[PDB]
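**Q** Protein chains in written order, with the entry's author numbering: chain B, 591 to 595; chain B', 591 to 595; chain A, -4 to 231; chain A', -4 to 231. A prime marks a further copy of an entry chain.
This is the structure, below, for whatever I ask next.
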Ligand SMILES: C=CC(C)(C)OC[C@H]1O[C@H](O[C@@H]2C3=C([C@H](C)CN4CCCCC4)C[C@H](O)[C@]3(C)/C=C3/[C@@H](COC)CC[C@@]3(C)C[C@H]2O)[C@H](O)[C@@H](O)[C@@H]1O
Ligand SMILES: C=CC(C)(C)OC[C@H]1O[C@H](O[C@@H]2C3=C([C@H](C)CN4CCCCC4)C[C@H](O)[C@]3(C)/C=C3/[C@@H](COC)CC[C@@]3(C)C[C@H]2O)[C@H](O)[C@@H](O)[C@@H]1O
Ligand SMILES: [Mg+2]
Ligand SMILES: [Mg+2]
Ligand SMILES: [Mg+2]
Ligand SMILES: [Mg+2]
Ligand SMILES: [Mg+2]
Ligand SMILES: [Mg+2]
């Protein structure tokens, strides 16, 4: 999965 | 802390 | 509400204790109680609200993904039928997740967003609104999927418009909004080119603004810039 | 009970799904429902029950320790008075922990222990009984502390007596019981010499029995032997 914040 | 199982 | 009898300051204090104890459900309940006192949240209080719900729904999303993976394997050719239990339990976790998203969205809609006028609060809450609609979109398959996606996009877009007008490129909230809206484009909205373009433009403009970034925000902003770079490396 | 309408086999299946998803509260609720069907648990089902509650209470214990540490620092010389909130929230976590322990102890007392006749079930449940009284002891300060400690010791002792008569020294349940009873002696009962003696005798007797240990139980038993050695290294 790609990164989120 | 010591180990338990 | 069960927090109605507790002082606002005590709710904030206990949300900080819950964070230290990694008791995120308690943290979220304390912060919901604080919001329901009717006063605007300070910058630190916004961060406590966001961290609490991000961690609650984060765990639900991880569990939902495990169960959905099992469910999809169970529906492949040659898999033995084992009955309704995987679907049922995935649905149970899903409904709980939807409930948490709905609770957050309700707090934002009453009355955090309406009263937020400064960019650092308005962008923050609109980002959260996009994030929680995005989590609803991750699990949506019925006739409401498109509406949910449109609601996420509309929140992210309003936040983006404000952030570009009112915040410097290296502001951590501006950067984090762009990171997450880029992920929305790639993973939710079937728009990988838009995701890549946004991540690249955001990263490049932040680099050119680093000579103005405060030492206090440096860790947060450089981390988010690294996450933008990580996503670009994954996507290209 | 909320699980009364679900088939026993479906409860077991969902407890296994919950374990995979690291949803230990759900796991424990499913296994409580299975126990309440009134049938004995198989060996695999006992393991699901134990893992579920061990993980639930494990998280509560970690949070309780964080909060108790804050509370004790707040009661030191020179610390600023910040009101009742740390105590209140520690008490909240503590009461929840006590509730989970009480629920487990109630399942064991009705009617898992009464119906367990084979050593591998009876020792297992008595070990659990000692463990959950031990967790109650960790937080007990009122007039009931000594009784709670005595209840833990009595359960561990009955389990120990059965295990030495009916199981080989390298049986993982026998080893784990001895590991935990040794920790009870050291950390709860102010008996470090007894803790060390038990850990050493258990370890030495298991070594001499390794030539009989099955390849299937080898990982479990050698891990527990390593934990015995780790504790002995910490204590000497
Ligand atoms: C623990 C104490 C509390 C009160 C809860 O604060 C948490 C953190 O709140 C601030 O940070 C913020 C946020 C994060 C940054 C990225 C974390 N940061 C990374 C580098 C090292 C230091 C920590 C993640 C959070 O999810 C947190 C709160 C969330 C966001 C996003 C929120 O959209 C709605 C937008 C970007 C970001 C990262 C803003 C960022 O400003 C402080 O500046 C940090 O010191 C502090 O740890
Ligand atoms: C995940 C699937 C389920 C169905 C939940 O099973 C979990 C595990 O149940 C068995 O193991 C058992 C237990 C543990 C051993 C030590 C773990 N083990 C360590 C080395 C590598 C492989 C895993 C810890 C648990 O807490 C578990 C269940 C608990 C206990 C204690 C229970 O007192 C009441 C007594 C000793 C021990 C360790 C018995 C041990 O027999 C299998 O044999 C393992 O394969 C398997 O993973
Ligand atoms: Mg007041
Ligand atoms: Mg559904
Ligand atoms: Mg553009
Ligand atoms: Mg039936
Ligand atoms: Mg108490
Ligand atoms: Mg002896």
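From the three backbone atoms N, C-alpha and C, an ideal C-beta is built for every residue, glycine too.
Shortest alpha-carbon distance to residue 148 (chain A) belongs to which of A:139, A:29, A:205, A:129?
**A** Comparing Cα-Cα distances from residue 148 (chain A) to each of A:139, A:29, A:205, A:129, the minimum goes to A:129.
**Q** Is there at least one Cβ from chain B nearer than 8 Å to residue 178 (chain A)'s Cβ?
**A** Closer than 8 Å: yes.
**Q** According to the neighbour-count rule (16 or more other Cβ atoms, all chains shown, within 10 Å of its Cβ), is residue 70 (chain A) buried or exposed?
**A** Residue 70 (chain A) is exposed by the Cβ-count criterion.
**Q** What I want to know is whether the C-beta of residue 119 (chain A') ends up closer than 7 Å to one or more non-hydrogen atoms of ligand 2.
**A** Because some heavy atom of ligand 2 lies under 7 Å away, the Cβ of residue 119 (chain A') counts as near it: yes.
**Q** Please confirm whether any heavy atom of ligand 7 lies closer than 7 Å to the CB of residue 14 (chain A).
**A** Because no heavy atom of ligand 7 lies under 7 Å away, the Cβ of residue 14 (chain A) does not count as near it: no.
**Q** Heavy atom of ligand 4 less than 7 Å from the Cβ of residue 39 (chain A'), yes or no?
**A** Checking the Cβ of residue 39 (chain A') against ligand 4 gives no.
**Q** What's the call for residue 27 (chain A'), buried or exposed, on a 16-neighbour Cβ count within 10 Å?
**A** The residue in question, residue 27 (chain A'), is buried, as its Cβ has 16 or more Cβ neighbours within 10 Å.
**Q** Check whether the Cβ atoms of residue 260 (chain A') and residue 93 (chain A') lie closer than 8 Å to each other.
**A** This structure cannot speak to residue 260 (chain A'), because chain A' is shown only from -4 to 231.
**Q** So what's residue 70 (chain A) in DSSP terms, helix, strand or just coil?
**A** In this structure, residue 70 (chain A) counts as coil in the three-state DSSP scheme.
**Q** Would you grab the beta carbon distance between residue 110 (chain A') and residue 35 (chain A') for me? Rounded to a whole angstrom, and I think it's under 8 Å.
**A** That belief holds up - the Cβ atoms of residue 110 (chain A') and residue 35 (chain A') are roughly 6 Å apart, short of 8 Å.
**Q** Any residues in the region 168 to 192 of chain A' with a beta carbon nearer than 7 Å to a beta carbon of chain B'? Which ones, in chain order?
**A** Answer set for the region 168 to 192 of chain A': 171, 174, 175, 178, 181, 182.
**Q** Anything in chain B within Cβ reach of residue 249 (chain A), meaning under 7 Å, just list it in chain order.
**A** Outside the displayed span of chain A (-4 to 231) sits residue 249 (chain A), for which this structure offers no information.
**Q** Between the alpha carbons of residue 223 (chain A') and residue 132 (chain A'), how many angstroms are there, rounded?
**A** Taking the straight line joining both Cα atoms gives about 22 Å.
**Q** Have a look at residue 166 (chain A') and residue 216 (chain A') and give me their C-alpha separation to the nearest angstrom.
**A** Taking the straight line from one Cα to the other gives about 7 Å.
**Q** Give a yes or no on whether 8 Å exceeds the smallest Cβ distance from residue 219 (chain A') to chain B'.
**A** By this cut-off, residue 219 (chain A') is an interface position.
**Q** Are the CB atoms of residue 12 (chain A) and residue 48 (chain A') within a distance shorter than 8 Å?
**A** Their beta carbons are not under 8 Å apart, which means residue 48 (chain A') does not touch residue 12 (chain A) by this criterion.
**Q** Whose CA, out of A':3, A':173, A':163, lies closest to the CA of residue 123 (chain A')?
**A** If we check each option's Cα against that of residue 123 (chain A'), A':173 comes out closest.
**Q** Are residue 230 (chain A) and residue 190 (chain A) close, meaning C-beta to C-beta below 8 Å?
**A** Closer than 8 Å, so yes.
**Q** Of the choices A':206, A':52, A':-3, whose alpha-carbon is the least far from that of residue 100 (chain A')?
**A** For the residues A':206, A':52, A':-3, the minimum Cα distance to residue 100 (chain A') belongs to A':52.
**Q** Report yes or no: is there a C-beta of chain A' within less than 8 Å of the C-beta of residue 15 (chain A)?
**A** Cβ-Cβ to chain A' under 8 Å: yes for residue 15 (chain A).
**Q** DSSP on residue 185 (chain A), reduced to helix/strand/coil?
**A** Residue 185 (chain A): coil per DSSP, three-state reduction.
**Q** Would residue 225 (chain A') pass as an interface residue toward chain B' - the criterion being a Cβ-Cβ separation below 8 Å?
**A** Yes, residue 225 (chain A') lies at the interface with chain B' (some Cβ there is under 8 Å from its Cβ).
**Q** Assuming residue 46 (chain A) and residue 594 (chain B) are in contact, meaning their beta carbons sit under 8 Å apart, how far apart are those beta carbons, in whole angstroms?
**A** 13 Å between Cβ atoms; not a contact.
**Q** Where does the unbroken alpha helix (DSSP H) through residue 167 (chain A') begin, and where does it stop?
**A** From DSSP, the alpha helix (DSSP H) with residue 167 (chain A') extends over 167 to 178.
**Q** Return yes when at least one heavy atom of ligand 4 lies under 7 Å from the C-beta of residue 91 (chain A), else no.
**A** Not under cutoff, so the answer is no.
**Q** Go through its chain and collect everything with a Cβ distance to residue 205 (chain A')'s Cβ below 7 Å, but skip five positions before and after it.
**A** Excluding residues within five positions, the ones whose Cβ falls inside 7 Å are 165.
**Q** Decide if residue 41 (chain A) is buried, meaning its Cβ has at least 16 other Cβ atoms within 10 Å, or exposed.
**A** The residue in question, residue 41 (chain A), is buried, as its Cβ has 16 or more Cβ neighbours within 10 Å.
**Q** Going by C-alpha distance, which of A':9, A':80, A':17, A':32 is nearest residue 25 (chain A)?
**A** The residue with the shortest Cα to Cα distance from residue 25 (chain A) is A':80.
**Q** Which residues in chain A' have a C-beta closer than 8 Å to the C-beta of residue 80 (chain A)? List them in chain order.
**A** Those within 8 Å of residue 80 (chain A) in chain A' are 5, 8, 9, 12.
**Q** Hey, is residue 229 (chain A)'s beta-carbon within less than 8 Å of any beta-carbon in chain B?
**A** Yes, its Cβ sits closer than 8 Å to a Cβ of chain B.
**Q** Quick one, are the C-beta atoms of residue 194 (chain A) and residue 226 (chain A) less than 8 Å apart?
**A** Going by C-beta atoms, residue 194 (chain A) is nearer than 8 Å to residue 226 (chain A).
**Q** Under the assumption that residue 58 (chain A) contacts residue 95 (chain A) (Cβ atoms under 8 Å), give the Cβ distance between them as a whole number of angstroms.
**A** The Cβ separation is near 12 Å, so there is no contact.
**Q** For chain A, is any of its Cβ atoms less than 8 Å away from the one on residue 84 (chain A')?
**A** True, the Cβ-Cβ gap to chain A drops below 8 Å.
**Q** Alpha carbon to alpha carbon, how far is residue 76 (chain A) from residue 82 (chain A)?
**A** For residue 76 (chain A) and residue 82 (chain A), the distance between alpha carbons rounds to 12 Å.
**Q** Which stretch, first to last residue, makes up the alpha helix (DSSP H) that contains residue 98 (chain A')?
**A** First-last of the alpha helix (DSSP H) with residue 98 (chain A'): 80 to 102.
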